[PDB]
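A.B. asks: here is the sequence, then the experimental structure:
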Amino acid sequence: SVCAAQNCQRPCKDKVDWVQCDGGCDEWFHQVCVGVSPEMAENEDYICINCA
Ligand SMILES: [Zn+2]
Ligand SMILES: [Zn+2]
């Protein structure tokens, strides 16, 4: 299982929350692989490179 990101490091951890881009792709990205901070995930709406 590979997530959505031009460069996905494919890290699998049980303590790593994921982010969805609710701008139109509905795909799931890793906060480290797509460069998101845990703070952004809970407070802001994650738009991705393709949504942007
Ligand atoms: Zn990823
Ligand atoms: Zn998107």
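C.D. replies: Perfect, thanks for sending it. Numbers count the residues shown, from 1 in each chain. Ligands and ions are numbered 1, 2, ... in the order given.
A.B. asks: CA only for contacts and neighbour counts going forward, please
C.D. replies: Noted.
A.B. asks: wait, residue 5 touches residue 33, no?
C.D. replies: Yes: the pair residue 5 and residue 33 qualifies as a contact (C-alpha atoms under 8 Å) at a distance of 6.6 Å.
A.B. asks: which one of the two has more residues nearby?
C.D. replies: residue 5 (19 against 16; other C-alpha atoms under 10 Å).
A.B. asks: gap between that one and residue 27?
C.D. replies: 9 Å (C-alpha to C-alpha, to the nearest Å).
A.B. asks: in three-state terms, label the closest residue to residue 10 other than its chain neighbours for me.
C.D. replies: Here the nearest residue to residue 10 in space, its sequence neighbours aside, is residue 2; by C-alpha to C-alpha, 6 or more residues apart in numbering that works out to 6.4 Å. Assigned with DSSP: H, G, I helix; E, B strand; the rest coil, residue 2 falls in the coil class.
A.B. asks: surely residue 2 touches residue 11?
C.D. replies: No: counting by C-alpha under 8 Å, residue 2 stays clear of residue 11, with 9.6 Å between them.
A.B. asks: what number of residues lie near residue 30?
C.D. replies: Residue 30 - counted by other C-alpha under 10 Å - has 22 other residues nearby.
A.B. asks: just the one 4 residues further on next, same as before
C.D. replies: Counted with other C-alpha under 10 Å, the burial measure for residue 34 works out to 19 neighbours.
A.B. asks: residue contacts, it?
C.D. replies: Neighbour list for residue 34: 5, 6, 7, 8 [criterion: C-alpha atoms under 8 Å, 6 or more residues apart in numbering].
A.B. asks: tell me which element it is part of?
C.D. replies: Counting by DSSP states H and E, no helix or strand carries residue 34.
A.B. asks: assign the nearest residue to residue 4 once chain neighbours are set aside to helix, strand or coil.
C.D. replies: Spatial nearest neighbour of residue 4, excluding adjacent residues (C-alpha to C-alpha, 6+ apart): residue 29 at 5.1 Å. Classification of residue 29 by three-state DSSP places it in strand.
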